[PDB]
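Next come the chains, spelled out residue by residue.
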Amino acid sequence: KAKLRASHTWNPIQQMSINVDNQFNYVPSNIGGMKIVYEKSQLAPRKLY
Amino acid sequence: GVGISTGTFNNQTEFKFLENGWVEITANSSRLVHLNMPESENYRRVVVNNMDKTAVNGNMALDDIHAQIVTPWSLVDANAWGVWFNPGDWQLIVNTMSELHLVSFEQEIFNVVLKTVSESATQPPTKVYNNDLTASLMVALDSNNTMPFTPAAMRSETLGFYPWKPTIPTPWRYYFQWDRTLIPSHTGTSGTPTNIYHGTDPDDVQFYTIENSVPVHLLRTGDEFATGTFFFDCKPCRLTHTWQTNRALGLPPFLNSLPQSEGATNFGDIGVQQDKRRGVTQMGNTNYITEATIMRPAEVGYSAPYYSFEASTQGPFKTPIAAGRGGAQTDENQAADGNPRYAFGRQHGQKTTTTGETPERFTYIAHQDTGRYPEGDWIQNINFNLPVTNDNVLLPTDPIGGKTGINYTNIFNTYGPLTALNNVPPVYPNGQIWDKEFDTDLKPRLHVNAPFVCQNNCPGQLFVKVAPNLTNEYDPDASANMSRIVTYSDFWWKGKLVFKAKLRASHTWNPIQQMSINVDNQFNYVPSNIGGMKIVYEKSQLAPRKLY
Amino acid sequence: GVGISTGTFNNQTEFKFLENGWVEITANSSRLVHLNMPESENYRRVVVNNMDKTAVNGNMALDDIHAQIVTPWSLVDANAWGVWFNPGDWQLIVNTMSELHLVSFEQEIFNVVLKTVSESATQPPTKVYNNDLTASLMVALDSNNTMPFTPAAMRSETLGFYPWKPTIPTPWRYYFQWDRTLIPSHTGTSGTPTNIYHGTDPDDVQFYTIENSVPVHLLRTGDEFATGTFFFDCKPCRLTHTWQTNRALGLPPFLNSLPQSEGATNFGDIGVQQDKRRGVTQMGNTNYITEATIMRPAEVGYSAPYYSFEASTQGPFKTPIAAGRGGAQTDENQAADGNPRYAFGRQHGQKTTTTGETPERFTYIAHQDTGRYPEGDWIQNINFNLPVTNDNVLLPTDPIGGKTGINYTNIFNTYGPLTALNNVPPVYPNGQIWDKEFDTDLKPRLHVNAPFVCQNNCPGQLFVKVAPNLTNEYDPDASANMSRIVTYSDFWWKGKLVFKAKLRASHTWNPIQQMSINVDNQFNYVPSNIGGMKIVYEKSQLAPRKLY
């Protein structure tokens, strides 16, 4: 069960995104080699107090 | 009343999730508008003739001759992305929604104030500001859309983009018919090409006044004004880009040989002679079936003449294109046609604290691959004998008209009954949101300036003006100029735009492209020690969508 | 309206006795708040770097480097005891109640006034004050507690403590993420320890604006504003102190010999050999049962590292402790860690008529005996051979790390599953009343700055600001600074705090410690011939309570 996030700052947040450097970690090789690079999970900030 | 506020400030954008992944975005925007009395209290019919500049052969594109009506009214325009969303909100929309629907619009004027500048021409000449309690602000909402439509965003003249910075409306003016003739030439064109401003076709004449057409409201401090809610009529806006070219449609060729080893050079291979393959083509006289040759269902994108100026009744004008290029080949350096360029000020993105009057600018390179590399184009004689022979090919390299800097691609047009294209993507924050359709029998399939065109009905424009604050002396029959008390007004403007969006769903194994802050852009989203602010533009159809 | 007051002054605290010894205290506080336009109308992102000061080896604790956002808004904070009760009321609570419950809070803004200073730069340059009748005060109540929580009491920046003295709000500012590295050193540390301000982690960035987050209210003279009633969620506060140490828990030893005569030296005597007594201990290898040795059920208080600075992502910080010491051994001279120190001004206790800018201060020595005399501590080898031998003991006297001014007590920690402690007592009048819990997975068992922490819900902060009073000249695209009419506002603030208390009952033969005026403190509760006022701090858990 998840809850959707809401923006609260003027500035954007840190999001996970594919890019020219990681791109090939998400698709097979000509050999069919596969890999599953690890990722981070609490990317956005929250105020503590 | 006098000591009573008539409104509330609200610049909060609410996101309210419904059922089945539909959100209802309601953008609240509030500003303090500052307004001065008019230069004059008259309608002026003015012509702009820069003949001198076009007088130089080879400078036709520098043409600015036009006629316009100058009015004593100001336009309150809030149709630009930056007025309603901040970098924060844009990230939310753009990274998580897949389509946008513009639903409605409302705006209201409150907490009106009128003051009069009194100068006590002293040693150090002084001036006292006093409240004119019985003075009036004049408001006119052209809801029947009588007046000619003038989107202030094509001039970077919208309300400003920051809720804690007061703003101002623009002086309203509109085009008045004129007739002008300009013959193109070039550097070293013997003579002086005709360059004539003929004047006005009487049957094309339309002088409009606000006073005669819209009901005018006088608001005093105690008053307030509110437009009601207007609903738009518009097809939804997609928040995704397409990437498939004619070259990537349908079933790829079956590879009879597959790489055995990993390696950037370990390719697979179709195993069949290009002249011995099965499949369909539209080259009735050839047995070659290649990826450039095999049949595709229609064509994605089209070729159009580039840096093409056309001419009608009023001077030359640039031929518009639905999409430019950029990617593998175009960056700022691989500069082309079709990509829009935005110039603007401190109120709309140029760094606040920056000194200097050069506009801030940017060329927008979308993400949908629907354009062209004219350099890769070629025409070739129907016999199709292959290593084609210099005179059975027309290359972007051979000159047309004997001009060495012109090739057939500049005059080329491949638009036709199989053309498939997409409407224009949103440009945050400088782009216009909605546009009025042309009241033309046949209409344009798109508008290159707004993703939303309202057909049957658009919100009308809002005009404002300080009413005349006369002095004791006033003689209407004097050929002079009416003397007025120096008055100005400050009022609060509150607008409300509602959207409907749908949430995106992952469909691939691999992640998507998302907007994110990072060590290189970070400082573009926070103030300076000086309080300098800036609003860097962003892209909007970041995620891919399959075309077919 | 213009000639109509919109509110009432009320600074009366009512005590309403219910049934079964429950009182319902309702504290009314009213002040006249004075407010000026902002330095700027912008949000500013500023860094504070006193590198120069830390540049001296041995001065790390003098670190002040931080980044913060400076906002054009002011904060109205009334969370300090002194805002709601006077010395008189405090005596009543503290001498006769045994527990306090914070129930609710309400505040409202009325009788708003805005004036504009006009200077008639004359010989003796003059200035006229005039009322700006249509001007507005801007009020924002962050009830969803969006903005970061900034209790003005940790800076002695609350409303003032006297109902007949006008006050002012504080400029609101909040911390902005930064990265800094500082290596400790000492007098004569060869070299220059790294002392670096690295900058901002982009993923830790959060720029907040009031305008984009809270609904803003414009109030003109005729207007008024009122927060509604907020109910807090908080465990009760005890008004009694405990005095029992591990040493005083349970059944004392039965004395086989009792004094026969009165006399400060006529002691009674256990009659049994310490190694021949019955009872329980946790010293499995010993037959000695003494009062230092016999088993107690848990431990009252704990030992924590002292004058311990810890370091994380943003610089060093002092390790906090739940209770200090004082009593038999500590007074001002027997100075220790854990006791809070308060510094403040004329608005919060420093004598009014006193000239000079040194803050007024005080170190609070509570009354609950739950702390430690580190000097009485000792570690001793498990063999327990008794007149312990210098190398089977670690005394607060032996040096650690070869430093002669450091002993194991400074790095010591005896907190564990048997620790029993009490929350912090109230500090009248400079102490904060309530505090916001940390939005952390695991929370702190207490807060050393307020006896009341509201968990699930706290009242939101109140922000105020003079709206921009522009002049005739205003150009939003100028890189200059907006020119405004010198405006200021005075408004009345009325707040209402309700408590629930329970009345105390005598349970001992002997009287209790009560707060009382006397020939030595008397003059601290009345004005000077000059009208000088002062507000000496007081203690709150005067009566004892049994722990077990």
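Residues numbered from 1 in each chain as written, not as in the entry; some residues may be left out. Chains lettered and ligands numbered in written order. Part of a larger assembly, values for the part shown. Heavy atoms only, no water.

**Quick word on the overall build of chain B**
Part 1 of the argument: From N to C terminus, chain B includes five helices and 29 strands.
Part 2 of the argument: Looking at chain B as a whole, 44% of its 548 residues qualify as buried.
Part 3 of the argument: In chain B, the share of contacts with a sequence separation of at least 24, taken over all contacts with a separation of at least 6, comes to 73%.
Part 4 of the argument: Computed over 41 positive and 51 negative side-chain charges, the separation of the two mean positions in chain B equals 6 Å. (Helix = DSSP H or I, 4+ residues; strand = E, 2+ residues; numbered from the N terminus. Buried < 20%, exposed > 50% of the residue type's maximum accessible area, 1.4 Å probe, protein only. Contact = heavy atoms within 4.5 Å. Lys, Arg positive; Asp, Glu negative; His and termini not counted. Charge placed at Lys NZ, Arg CZ, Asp CG, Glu CD.)

**Side note on the overall build of chain A**
Part 1 of the argument: Within chain A, the regular secondary structure consists of zero helices and zero strands.
Part 2 of the argument: With respect to the principal axes defined by its C-alpha atoms, chain A has extents near 50 × 25 × 15 Å.
Part 3 of the argument: Per-residue burial over chain A gives 24% buried out of 49 residues.

**Some thoughts on the interface of chain A and chain B**
Interface size is commonly expressed as the accessible surface area that is lost when the partners come together.
Part 1 of the argument: Counting from both sides, the interface comprises 21 residues of chain A and, opposite them, 31 residues of chain B.
Part 2 of the argument: Here chain A packs against chain B, burying approximately 2,200 Å² in sum over the two surfaces, 65% of which is carbon and sulfur.
Part 3 of the argument: On the chain A side of the contact with chain B, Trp10(A), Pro12(A) and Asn30(A) bury the most area, a combined 35% of that side's loss.
Part 4 of the argument: Put simply, chain A and chain B have zero salt bridges between them.
Part 5 of the argument: Along the contact surface separating chain A from chain B lie nine residue pairs in polar contact.
Part 6 of the argument: For the side of chain A that touches chain B, a count of residues per class yields eleven nonpolar, nine polar and one charged. (Buried area = accessible area lost by both parts, 1.4 Å probe. Salt bridge = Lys/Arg side-chain N within 4 Å of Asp/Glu carboxyl O. Polar contact = N/O pair within 3.5 Å; in protein donor to acceptor, adjacent residues only side chain to side chain. Nonpolar A, V, L, I, M, F, W, Y, C, P; charged D, E, K, R; others polar.)

**Topic: the interface of chain C and chain B**
Part 1 of the argument: The interface is formed by 47 residues belonging to chain C together with 53 residues belonging to chain B.
Part 2 of the argument: When chain C packs against chain B, close to 4,200 Å² is buried across both sides, 56% of that on carbon and sulfur atoms.
Part 3 of the argument: Here chain C is connected to chain B by two salt bridges.
Part 4 of the argument: For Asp132(C), the salt bridge identified is with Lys115(B), shortest N-O distance 3.2 Å.
Part 5 of the argument: Between the two partners, chain C and chain B, sit 27 residue pairs in polar contact.
Part 6 of the argument: Elements with a minimum of two residues in the side of chain C that touches chain B: strand 3 (44–48), helix 4 (210–213) and strand 11 (216–219) of chain C.

**Points about helix 3 (residues 87–96) of chain C**
Residue and element names in this part refer to chain C.
Part 1 of the argument: Turning to helix 3, its buried residues number three or more, namely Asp89, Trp90, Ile93, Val94 and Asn95.
Part 2 of the argument: Tucked into the core, helix 3 has its buried residues touching strand 1 (13–17), strand 2 (22–36), helix 2 (81–84) and strand 5 (97–120).
Part 3 of the argument: Two or three places before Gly88, at the start of helix 3, stands the capping residue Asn86, its side-chain oxygen 2.7 Å from that residue's backbone nitrogen.

**Section: a nonpolar patch on the surface**
Part 1 of the argument: Taken together, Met34(A), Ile36(A) and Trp509(B) make up a surface patch of nonpolar side chains, about 420 Å² in accessible area.
Part 2 of the argument: Positionally, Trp509(B) belongs in the loop between strand 28 (487–503) and strand 29 (543–544). (Patch = residues over 30% accessible without salt bridge, like charges linked within 9 Å, V, L, I, M, F, W, Y side chains within 5 Å. Areas by Shrake-Rupley, 256 points an atom, 1.4 Å probe, with all protein chains shown as cover.)

**Here we look at the relation of the copies chain C and chain B**
Between the two copies of this chain, the relationship is a rotation about some axis together with a displacement along it.
Part 1 of the argument: For the pair chain C and chain B, the relating rotation is 72°, the translation along its axis is 0.0 Å, and the fit reaches an RMSD of 0.0 Å. What the rotation and shift describe, once combined, is the action of a five-fold rotation axis. Relative to the rotation axis, the C-alpha of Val2(C) is the closest in chain C, positioned 6.0 Å from it.
Part 2 of the argument: By residue overlap, the copies meet through two different surfaces: only 9% of the interface positions of chain C are interface positions in chain B. (Least-squares fit on C-alpha atoms.)

**Here's the deal with the UniProt feature "binding site: Mg(2+)" in chain B**
Part 1 of the argument: Taken from the UniProt record, the annotation "binding site: Mg(2+)" applies to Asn144(B).
Part 2 of the argument: When you line up the elements, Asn144(B) lands in the loop between strand 8 (137–142) and strand 9 (170–175). (UniProt positions renumbered as here; feature names shortened; annotations may be inferred.)

**Brief notes about the nonpolar core**
Part 1 of the argument: One finds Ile25(B), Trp84(B), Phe85(B), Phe452(B), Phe499(B) and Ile210(C) to be the most contacted residues of the largest nonpolar core, which totals 90 residues.
Part 2 of the argument: Considering every element that reaches this core, the biggest residue donor is strand 6 (residues 97–120) of chain B, with eight residues.
Part 3 of the argument: For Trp84(B), the contacting residues outside a window of four places in its chain are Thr13(B), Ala27(B), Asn28(B), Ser29(B), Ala78(B), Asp89(B), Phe105(B), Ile433(B), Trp493(B), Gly495(B), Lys496(B) and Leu497(B).
Part 4 of the argument: Judged by nonpolar contacts, the second largest core, of 54 residues, contains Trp84(C), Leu159(C), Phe230(C) and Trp493(C). (Core = buried A, V, L, I, M, F, W, Y, C linked by side-chain atoms within 4.5 Å.)

**Looking at the pairing of strand 11 of chain C**
Part 1 of the argument: Here two bridges tie strand 1 (residues 8–9) of chain B to strand 11 of chain C, and the two strands are oriented antiparallel to one another. Bridging from a neighbouring strand, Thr8(B) pairs with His217(C) of strand 11 of chain C.
Part 2 of the argument: The pairing of strand 7 (residues 137–142) of chain C with strand 11 of chain C spans four bridges and is classified as antiparallel. In the sheet register, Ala140(C) faces strand 11 of chain C, and the bridge partner there is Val216(C). (Pairing = 2+ DSSP bridges.)

**Things to note about the packing of aromatic side chains**
Think of a pair of aromatic rings as described by two things: how far the centres are apart, and how the planes are tilted against each other in angle.
Part 1 of the argument: All told, the structure shown has 59 aromatic pairs over all chains when counted by the stated rule.
Part 2 of the argument: Each ring, one from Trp10(A) and one from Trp164(B), has its centre 4.9 Å from the other, and the planes form 65°; the classification is edge-to-face. With respect to class, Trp10(A) is no different from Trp164(B); both count as buried.
Part 3 of the argument: Ring geometry for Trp84(C) versus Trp493(C): centroids 5.8 Å apart, planes at 65°, classification edge-to-face. On the criterion of sequence distance, the pair formed by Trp84(C) in helix 2 and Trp493(C) in strand 27 (residues 487–503) is long-range, its members being 409 residues apart. A single burial state applies to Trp84(C) and to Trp493(C), both of which are buried.
Part 4 of the argument: Every member of this aromatic cluster is reached through a ring pair, and the members are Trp81(B), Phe85(B), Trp90(B), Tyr428(B), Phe452(B) and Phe499(B). (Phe/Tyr/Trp six-rings, centres within 6.5 Å; stacked < 30°, edge-to-face > 60°.)

**Some words on helix 3 (residues 87–96) of chain B**
Residue pairs three or four apart in sequence face the same way in an α-helix, which turns once every 3.6 residues.
Residue and element names in this part refer to chain B.
Part 1 of the argument: Within helix 3, nine of the ten residues are buried, leaving the element largely enclosed by the surrounding structure.
Part 2 of the argument: When helix 3 is considered as a whole, its buried residues turn out to be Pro87, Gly88, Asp89, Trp90, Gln91, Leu92, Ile93, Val94 and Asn95.
Part 3 of the argument: Taken together, the buried residues of helix 3 touch strand 2 (13–17), strand 3 (22–36), helix 2 (81–84) and strand 6.

**Quick look at unusual backbone geometry**
Part 1 of the argument: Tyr428(B) connects to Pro429(B) through a cis peptide bond whose omega is 0°.
Part 2 of the argument: Note that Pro429(B) resides in the loop between strand 24 (419–420) and strand 25 (434–436).
Part 3 of the argument: The backbone phi angle of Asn20(C) is positive, close to 65°, even though this residue is not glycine.
Part 4 of the argument: Residue placement: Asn20(C) occurs in the loop between strand 1 and strand 2.

**A short note on the UniProt feature "disulfide bond" in chain B**
Part 1 of the argument: Sulfur atoms bridged by a disulfide sit less than 2.5 Å apart; for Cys454(B) and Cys458(B), annotated as such a bridge in UniProt, the distance of 2.0 Å is consistent with the bond. When sorted by exposure, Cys454(B) lands in the same class as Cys458(B), which is buried. (Disulfide = S-S within 2.5 Å.)

**What to know about the pattern of salt bridges**
Part 1 of the argument: Applying the stated criterion across every chain yields a total of 29 salt bridges over all chains.
Part 2 of the argument: One salt bridge connects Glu157(B) with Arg173(B), and the closest N-O pair in it is separated by 2.8 Å. Here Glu157(B), found in the loop between strand 8 and strand 9, pairs with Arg173(B), found in strand 9; they are 16 residues apart in sequence, far enough to count as distant.
Part 3 of the argument: Judged by relative accessible area, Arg173(B) falls into the partly exposed class, the value being 28%.
Part 4 of the argument: The closest approach of N and O atoms between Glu41(C) and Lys465(C), which form a salt bridge, is 2.9 Å. Of this pair, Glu41(C) sits in the loop between strand 2 and strand 3 while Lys465(C) is found in strand 26 (residues 461–466), placing the two residues 424 residues apart along the sequence.
Part 5 of the argument: Three or more residues are tied together by salt bridges with common partners; here these are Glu41(B), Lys465(B) and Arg484(B).

**Quick notes on the environment of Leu386(B)**
Residues and elements named next belong to chain B.
Part 1 of the argument: Among the structural elements, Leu386 can be located in the loop between strand 22 (379–380) and strand 23 (393–394).
Part 2 of the argument: Here the alpha-carbon distance between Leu386 and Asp337, two residues 49 residues apart in the chain, equals 32 Å.
Part 3 of the argument: With sequence-adjacent residues up to four places away left out, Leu386 is seen in contact with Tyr288 and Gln380.

**Details of the state of the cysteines**
Residue and element names in this part refer to chain B.
Part 1 of the argument: In the structure shown here, the tally under the stated rule is two disulfides over all chains.
Part 2 of the argument: Here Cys454 is linked by a disulfide to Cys458, with a sulfur-sulfur distance of 2.0 Å. Every disulfide takes its handedness from the sign of the S-S torsion; for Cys454 and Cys458 that torsion is 120°, giving right-handed.
Part 3 of the argument: Looking at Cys237, it has no disulfide partner, and the nearest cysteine sulfur is the one in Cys234, 10 Å off.
Part 4 of the argument: Under the relative-accessibility criterion, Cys237 is labelled buried at 4%.

**Remarks on the environment of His66(B)**
Residues and elements named next belong to chain B.
Part 1 of the argument: When you line up the elements, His66 lands in strand 5 (residues 66–75).
Part 2 of the argument: Look past the residues within four positions of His66 in its chain and what remains in contact with it is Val46, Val47, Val48, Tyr175 and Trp178.
Part 3 of the argument: A distance of 3.0 Å separates a polar atom in the side chain of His66 from a polar atom in the side chain of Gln68.

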